[PDB]
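Engineer: If you use the authors' numbering, the sequence shown corresponds to residues 13 to 375, 389 to 609, in order.
A virtual CB, placed ideally from N, CA and C, is assigned to each residue, including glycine.
Mind having a look at this structure? Questions to follow.
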Amino acid sequence: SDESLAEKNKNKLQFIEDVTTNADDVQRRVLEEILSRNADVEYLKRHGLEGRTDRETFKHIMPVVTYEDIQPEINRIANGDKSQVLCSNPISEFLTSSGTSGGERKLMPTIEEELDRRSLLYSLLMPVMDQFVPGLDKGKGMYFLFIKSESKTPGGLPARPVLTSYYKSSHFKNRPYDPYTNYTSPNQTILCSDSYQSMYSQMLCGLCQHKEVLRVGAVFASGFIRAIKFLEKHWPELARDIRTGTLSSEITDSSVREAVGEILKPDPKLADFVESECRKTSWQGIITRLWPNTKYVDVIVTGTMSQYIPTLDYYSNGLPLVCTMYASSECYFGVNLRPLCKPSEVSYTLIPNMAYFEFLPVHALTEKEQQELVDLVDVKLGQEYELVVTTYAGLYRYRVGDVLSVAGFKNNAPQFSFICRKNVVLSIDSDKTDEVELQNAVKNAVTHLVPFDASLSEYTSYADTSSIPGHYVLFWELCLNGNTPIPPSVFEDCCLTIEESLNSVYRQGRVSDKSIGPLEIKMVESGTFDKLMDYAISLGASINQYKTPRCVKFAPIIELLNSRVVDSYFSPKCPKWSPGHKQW
Ligand SMILES: Nc1ncnc2c1ncn2[C@@H]1O[C@H](COP(=O)(O)O)[C@@H](O)[C@H]1O
Ligand SMILES: N[C@@H](CC(=O)O)C(=O)O
Numbered sequence: 013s014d015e016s017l018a019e020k021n022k023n024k025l026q027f028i029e030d031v032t033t034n035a036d037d038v039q040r041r042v043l044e045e046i047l048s049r050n051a052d053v054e055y056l057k058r059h060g061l062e063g064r065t066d067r068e069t070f071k072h073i074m075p076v077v078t079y080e081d082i083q084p085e086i087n088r089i090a091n092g093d094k095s096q097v098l099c100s101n102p103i104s105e106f107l108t109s110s111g112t113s114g115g116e117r118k119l120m121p122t123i124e125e126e127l128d129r130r131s132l133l134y135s136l137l138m139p140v141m142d143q144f145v146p147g148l149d150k151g152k153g154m155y156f157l158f159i160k161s162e163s164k165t166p167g168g169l170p171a172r173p174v175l176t177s178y179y180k181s182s183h184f185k186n187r188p189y190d191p192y193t194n195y196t197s198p199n200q201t202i203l204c205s206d207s208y209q210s211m212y213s214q215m216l217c218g219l220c221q222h223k224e225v226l227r228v229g230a231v232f233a234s235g236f237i238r239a240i241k242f243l244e245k246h247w248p249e250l251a252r253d254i255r256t257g258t259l260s261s262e263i264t265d266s267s268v269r270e271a272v273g274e275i276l277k278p279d280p281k282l283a284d285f286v287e288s289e290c291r292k293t294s295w296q297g298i299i300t301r302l303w304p305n306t307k308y309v310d311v312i313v314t315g316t317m318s319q320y321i322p323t324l325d326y327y328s329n330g331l332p333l334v335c336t337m338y339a340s341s342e343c344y345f346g347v348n349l350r351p352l353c354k355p356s357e358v359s360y361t362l363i364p365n366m367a368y369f370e371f372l373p374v375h389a390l391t392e393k394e395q396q397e398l399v400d401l402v403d404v405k406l407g408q409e410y411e412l413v414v415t416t417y418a419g420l421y422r423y424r425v426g427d428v429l430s431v432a433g434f435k436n437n438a439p440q441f442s443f444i445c446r447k448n449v450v451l452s453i454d455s456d457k458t459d460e461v462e463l464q465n466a467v468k469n470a471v472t473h474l475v476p477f478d479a480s481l482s483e484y485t486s487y488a489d490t491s492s493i494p495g496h497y498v499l500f501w502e503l504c505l506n507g508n509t510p511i512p513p514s515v516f517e518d519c520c521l522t523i524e525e526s527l528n529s530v531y532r533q534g535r536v537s538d539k540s541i542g543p544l545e546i547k548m549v550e551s552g553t554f555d556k557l558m559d560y561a562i563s564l565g566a567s568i569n570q571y572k573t574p575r576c577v578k579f580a581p582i583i584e585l586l587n588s589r590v591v592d593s594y595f596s597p598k599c600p601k602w603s604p605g606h607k608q609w
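Laid out in structure tokens, this is it:
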């Protein structure tokens with residue numbers, strides 16, 4: 013009912029007013045519920061909390077921790093320990109973060125109840141959007157949503173990404189009819205494990221229902237960009253399927269054929285229209301030509317995903333880019349209460365019911394620093410902080426690694442601009458390669474130069490999004506001391522050795538999802554890195570302190586390096602990758 017839908021949106025917005033006005037009390041309540049329910053868990057008992065639930069004692073007694081500090085407990089649960097180690101409720105599965113430890117996905121513990129809080133945060137998005145963009149219940153959203161590979165821990169618990177867990181749960185698969193969660197993609201196309209068949213069937217269904225589409229997107233800008241490239245490579249086949257009403261024989265999955273069969277019908281006029289738009293040389297504005305009622309593009313373009321804004325604006329002819337929420341494997345965090353703001357102005361209001369949030373000011390932690398972490402309501406405007414979380418699933422004062430800046434307040438709840446996940450230097454899609462992983466990968470690769478009496482004088486890197494999929498680029502300046510020229514096969518083996526030493530999310534991107542392309546090494550002229558040092562010296566840097574940065578994001582410096590390239594080489598094949606931790 014239209015009236016019941018209006019009342020539901022009003023009650024969700026009233027909830028936002030209530031919890032942002034009473035933010036500190038909700039924060040205190042959440043911590044009290046976590047600490048009383050888990051009072052008898054081994055982790056709290058061994059730290060001497062003795063069933064105490066007050067914030068003051070919690071901050072004084074409990075250490076602020078990294079993943080590595082609690083990895084013994086996590087691995088014990090992963091290996092079959094069913095006792096109350098971190099949580100009183102049984103750990104239902106591990107949500108495998110894109111963030112890594114030892115080059116492997118971090119295993120974030122979860123409990124079945126956490127799905128309720130993920131659904132609560134999702135339930136706030138459309139009531140917020142509907143204030144600014146009315147009438148979205150009268151059509152469909154064309155979202156490209158994907159499941160990823162799954163594995164089992166040695167103790168039998170599933171280990172899978174948070175979104176794969178969510179789409180496979182009854183909270184999504186058997187969700188009730190909501191005209192605001194009415195998507196062009198049937199559940200069976202999303203839950204298809206074959207990524208090619210999932211993408212093809214979702215793109216075909218999106219085209220079949222094109223006039224009903226009022227918004228388009230994916231969780232990541234990179235994912236949506238990949239869907240547009242898929243249409244670029246497969247539109248003649250997709251239009252043929254529309255014209256004939258027969259689904260491509262390459263879609264062998266029976267659940268996908270059945271779901272597509274309910275949408276796909278012979279439509280030569282639509283096939284003519286799809287072909288006429290896709291055949292055009294320029295794909296500028298192709299989203300608004302095929303999906304003409306699209307109001308906005310809904311994709312995360314904050315953080316590293318901001319690198320995709322020009323590509324998205326090109327395909328959409330400048331439609332609004334909407335960043336709706338901020339979340340992780342360990343905890344769903346907040347919502348953008350200004351979804352029509354510019355990408356550079358996005359701030360996320362953390363919802364105080366999700367977890368107990370603390371903030372480390374940023375300008389090994391001392392006892393004073395740990396005890397004096399700033400509470401959610403006490404953060405200061407314009408100041409930067411590291412996010413620290415205490416969840417219902419066994420994380421106590423866990424450092425997420427995200428650096429946030431206070432942009433403003435919604436009643437007493439702060440609104441944060443996302444700055445960065447600490448130490449991440451390269452990212453194309455969900456891959457988050459840090460400086461240590463890259464350095465060690467380059468160090469493994471340069472061993473191939475040693476038999477040629479050659480060495481790597483200097484290097485840097487950048488995330489190249491000029492191709493789809495995007496790829497990592499390393500700039501190398503070589504020092505040759507021998508008489509045997511280095512052949513291209515050796516540089517190609519350097520490319521592959523780098524890839525083999527990068528983390529499992531990067532290798533998964535190459536092997537499983539095809540979300541990252543082959544890594545490239547670009548050899549630069551001699552004196553190129555000394556020319557970069559001359560820029561730094563002109564801007565105040567000393568010769569005795571300057572270090573060539575491991576990574577560069579600033580376009581004019583990438584252009585400078587790109588102008589000095591002598592030759593380039595690519596990894597000739599994918600690196601190795603298999604689901605789960607190698608240890609298992
Ligand atoms: N809206 C967002 N904007 C920027 N970065 C985000 C956003 N949502 C998630 N992330 C990043 O992704 C991390 C979670 O990755 P994962 O655990 O793989 O879901 C967060 O801690 C952030 O570093
Ligand atoms: N967290 C995201 C990305 C990833 O883990 O690779 C997902 O659940 O799909």
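Taking the straight line between their C-alpha atoms, what separation do you get for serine 213 and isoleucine 541?
Structural biologist: Locating residue 213 in the sequence shown gives position 201, counting from the first residue. Locating residue 541 in the sequence shown gives position 516, counting from the first residue. Each residue's alpha carbon lies about 21 Å from the other.
Engineer: Thinking C-beta only, is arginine 575 closer than 9 Å to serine 452?
Structural biologist: Your numbering for residue 452 matches position 427 in the sequence shown. Your numbering for residue 575 matches position 550 in the sequence shown. Against a cut-off of 9 Å, the Cβ pair of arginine 575 and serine 452 comes out as no contact.
Engineer: Answer yes if the region 174-184 comes into contact with the region 150-165, meaning at least three C-beta pairs across the two stretches below 8 Å, and no otherwise.
Structural biologist: The region 150-165 vs the region 174-184: in contact.
Engineer: Which runs of the beta strand (DSSP E) spanning at least 3 residues fall entirely within the region 150-186, listed in chain order?
Structural biologist: If we require 3 residues or more, the beta strand (DSSP E) runs fully inside the region 150-186 come out as 152-155, 170-172.
Engineer: So, helix, strand or coil for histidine 473, using DSSP?
Structural biologist: Numbered from its first residue, the sequence shown carries residue 473 at position 448. Correct three-state label for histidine 473: helix.
Engineer: So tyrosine 594 and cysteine 520 are in contact, right, with Cβ under 8 Å, and what is the actual spacing, rounded?
Structural biologist: On the sequence shown, position 569 is the one that residue 594 refers to. On the sequence shown, position 495 is the one that residue 520 refers to. At roughly 6 Å, the Cβ-Cβ gap stays under 8 Å, so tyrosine 594 and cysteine 520 are in contact.
Engineer: Looking at the structure shown, is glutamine 570 part of a helix, part of a strand, or coil, going by DSSP?
Structural biologist: Your numbering for residue 570 matches position 545 in the sequence shown. Correct three-state label for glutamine 570: coil.
Engineer: Exposed or buried, which one is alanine 389 when buried takes at least 16 other CB atoms within 10 Å?
Structural biologist: As a first step, residue 389 is located in the sequence shown; it is residue number 364 there, counting from the start. Result: exposed.
Engineer: Should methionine 317 be counted as a contact of ligand 1 given a C-beta to heavy atom distance under 8 Å?
Structural biologist: As a first step, residue 317 is located in the sequence shown; it is residue number 305 there, counting from the start. The answer is yes for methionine 317.
Engineer: Check the C-beta distance from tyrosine 417 over to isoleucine 123 and give it rounded, since I have them as a contact under 8 Å.
Structural biologist: For this step, residue 417 is matched to residue 392 along the sequence shown. For this step, residue 123 is matched to residue 111 along the sequence shown. Contact holds; Cβ gap of about 6 Å.
Engineer: Kindly confirm or deny that the region 130-141 and the region 20-27 touch, where touching means at least three C-beta pairs closer than 8 Å.
Structural biologist: Yes: at least three Cβ pairs fall under 8 Å.
Engineer: Using a Cβ-Cβ cutoff of less than 6 Å, which residues in the same chain neighbour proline 439 once the five nearest sequence positions on both sides are dropped?
Structural biologist: The residue you call residue 439 lines up with position 414 of the sequence shown. Cβ neighbours of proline 439 beyond the five flanking positions: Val404, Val431.
Engineer: Near ligand 1, which residues have their beta-carbon less than 5 Å from any of its heavy atoms, given in chain order?
Structural biologist: Cβ-based neighbours of ligand 1 within the cut-off: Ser109, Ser110, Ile312, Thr314, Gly315, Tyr338, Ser340, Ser341, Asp427, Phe443, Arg446.
Engineer: Less than 8 Å between C-beta atoms, sequence neighbours within five positions excluded: which residues of the same chain meet that for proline 166?
Structural biologist: Indexing the sequence shown from 1 puts residue 166 at position 154. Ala90, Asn91, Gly92, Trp609.
Engineer: So, using beta-carbon positions, are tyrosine 423 and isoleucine 82 closer together than 9 Å?
Structural biologist: For this step, residue 423 is matched to residue 398 along the sequence shown. For this step, residue 82 is matched to residue 70 along the sequence shown. Result yes, Cβ atoms of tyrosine 423 and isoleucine 82 sit closer than 9 Å.
Engineer: To the nearest angstrom, report how far apart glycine 407 and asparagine 348 are at their CA atoms.
Structural biologist: Here the question's residue 407 lines up with position 382 in the sequence shown. Here the question's residue 348 lines up with position 336 in the sequence shown. The straight-line gap from Cα to Cα measures roughly 18 Å.
Engineer: Measuring straight from C-alpha to C-alpha, what distance separates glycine 565 and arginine 238?
Structural biologist: In the sequence shown, counting from the first residue as 1, residue 565 sits at position 540. In the sequence shown, counting from the first residue as 1, residue 238 sits at position 226. Cα to Cα, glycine 565 sits roughly 42 Å from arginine 238.
Engineer: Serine 455: beta carbon under 8 Å from a heavy atom of ligand 2?
Structural biologist: Locating residue 455 in the sequence shown gives position 430, counting from the first residue. At least one heavy atom of ligand 2 is nearer than 8 Å to the Cβ of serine 455, so yes.
Engineer: Taking the C-alpha atoms as reference points, what is the distance between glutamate 370 and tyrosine 79?
Structural biologist: The sequence position of residue 370 within the sequence shown is 358, counting from 1. The sequence position of residue 79 within the sequence shown is 67, counting from 1. Cα to Cα, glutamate 370 sits roughly 16 Å from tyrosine 79.
Engineer: Are three or more beta carbon pairs between the region 523-536 and the region 474-492 nearer than 8 Å?
Structural biologist: With a cut-off of 8 Å, the region 474-492 and the region 523-536 do not count as touching, because too few Cβ pairs lie within range.
Engineer: What three-state label does DSSP hand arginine 291 in the structure shown?
Structural biologist: On the sequence shown, position 279 is the one that residue 291 refers to. Here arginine 291 sits in coil by DSSP.
Engineer: Determine the DSSP secondary structure at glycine 419, reduced to helix, strand or coil.
Structural biologist: Looking up residue 419 in the sequence shown gives position 394. Looking at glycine 419 - three-state DSSP - the assignment turns out to be coil, as it is neither helix nor strand.
Engineer: Would you identify the three-state DSSP class for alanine 339, choosing helix, strand or coil?
Structural biologist: Looking up residue 339 in the sequence shown gives position 327. Of the three classes helix, strand and coil, the one that applies to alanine 339 here is strand, per DSSP.
Engineer: Are the region 269-279 and the region 191-207 touching, with three or more C-beta to C-beta distances below 8 Å?
Structural biologist: At 8 Å Cβ cutoff, the stretches touch.
Engineer: For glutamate 262, which of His222, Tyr208, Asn305 has the nearest alpha-carbon?
Structural biologist: Numbered from 1 along the sequence shown, position 250 holds the residue referred to as residue 262. Of the candidates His222, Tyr208, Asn305, the one whose C-alpha sits nearest the C-alpha of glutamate 262 is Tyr208.
Engineer: Under a three-way DSSP split, which group does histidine 72 fall into?
Structural biologist: For the purposes of this step, residue 72 is identified with residue 60 of the sequence shown, where counting begins at 1. Helix at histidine 72.
Engineer: Pick helix, strand or coil for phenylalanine 345, following the three-state DSSP scheme.
Structural biologist: Position 333 of the sequence shown, counting from 1, holds the residue named residue 345. In this structure, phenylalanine 345 counts as strand in the three-state DSSP scheme.
Engineer: Using CA atoms only, rank isn't needed, just tell me which of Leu331, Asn305, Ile363 is closest to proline 355.
Structural biologist: Numbered from 1 along the sequence shown, position 343 holds the residue referred to as residue 355. Out of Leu331, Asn305, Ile363, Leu331 has the C-alpha closest to the C-alpha of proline 355.
Engineer: Just to check my reading of the structure: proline 364 and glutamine 39 have Cβ atoms closer than 8 Å, yes? What is that Cβ distance to the nearest angstrom?
Structural biologist: Looking up residue 364 in the sequence shown gives position 352. Looking up residue 39 in the sequence shown gives position 27. Their Cβ separation, rounded to whole angstroms, is 5 Å, which keeps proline 364 and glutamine 39 in contact under 8 Å.
Engineer: Can you give me the Cβ contacts of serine 104 inside the same chain, cut-off strictly under 7 Å, excluding the 5 residues immediately before and after it?
Structural biologist: Here residue 104 refers to the residue found at position 92 when the sequence shown is read from its first residue. Once the five neighbours on either side are set aside, the close Cβ partners of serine 104 are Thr122, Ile123, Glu124.
Engineer: Quick check on DSSP: helix, strand or coil for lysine 22?
Structural biologist: As a first step, residue 22 must be located in the sequence shown, where it is residue number 10. Three-state DSSP puts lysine 22 in a helix.
Engineer: How about the region 598-609 and the region 553-569: do they share at least three Cβ pairs that are nearer than 8 Å?
Structural biologist: No contact exists between the region 598-609 and the region 553-569.
Engineer: Enumerate in chain order the residues of its own chain whose CB-to-CB distance from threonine 32 is below 6 Å, with the five nearest sequence positions on each side excluded.
Structural biologist: Counted from its first residue, the sequence shown places residue 32 at position 20. If we look at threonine 32 and ignore the five residues flanking it on each side, its Cβ neighbours are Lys435, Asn436, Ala438.
Engineer: In terms of residues, what are the limits of the beta strand (DSSP E) holding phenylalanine 236?
Structural biologist: Here residue 236 corresponds to residue number 224 of the sequence shown, with the count starting at 1. Counting along the chain, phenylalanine 236 falls outside any beta strand (DSSP E), though it belongs to the alpha helix (DSSP H) covering 233-256.
Engineer: Checking 9 Å against the spacing of the C-beta atoms, do residue 7 and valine 231 come in under that value?
Structural biologist: There is simply no residue 7 to check, as the chain begins at 13 and stops at 609 in what is shown.
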